[PDB]
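Given next, in structure tokens, is a single chain: the form deposited in one PDB entry.
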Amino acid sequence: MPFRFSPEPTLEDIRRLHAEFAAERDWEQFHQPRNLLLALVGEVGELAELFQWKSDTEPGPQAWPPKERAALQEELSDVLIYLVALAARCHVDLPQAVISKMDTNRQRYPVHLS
């Protein structure tokens, strides 16, 4: 059956949620751009660890066991949360940046040359 994401939360919603979470704990001081970037790298590491010993032939993530699916959800989420936090801290409008990048991607790879 066709797979889709839920319509919410949006990236703005996530930005706002993370900002409130950090503000309640007085963590703004820890959230400088290079801290957030290094935290992002750490979470990408954790995500990679889930895949590192998977063979070419064994079942893919759609079929992993419950505890492994849970970990996968969690690490994908941790990466997104820091990416949002980082983008916001740099005053980058991430949704609109993605539109611009996708337009650039189309120009670099025209369908008739691929």
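Rigid core: the largest C-alpha set superposing within 1.5 Å between the two forms. In case it trips you up, residue 1 is the first one in the sequence shown, and so on.
If you look for the form deposited in another entry, you will not find it shown, but the lines that follow are about it.
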item	value
Rigid core superposed: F51 CA moves 2 Å or more between this form and the one not shown	no
Core-aligned C-alpha movement of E28 between this form and the one not shown, 2 Å or more	yes
Residue pair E28, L17 - Cα distance in the other entry, closer or farther (3 Å or more)	farther
Distance direction in the other entry for the C-alpha atoms of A22 and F30, relative to the displayed form (3 angstroms or more)	closer
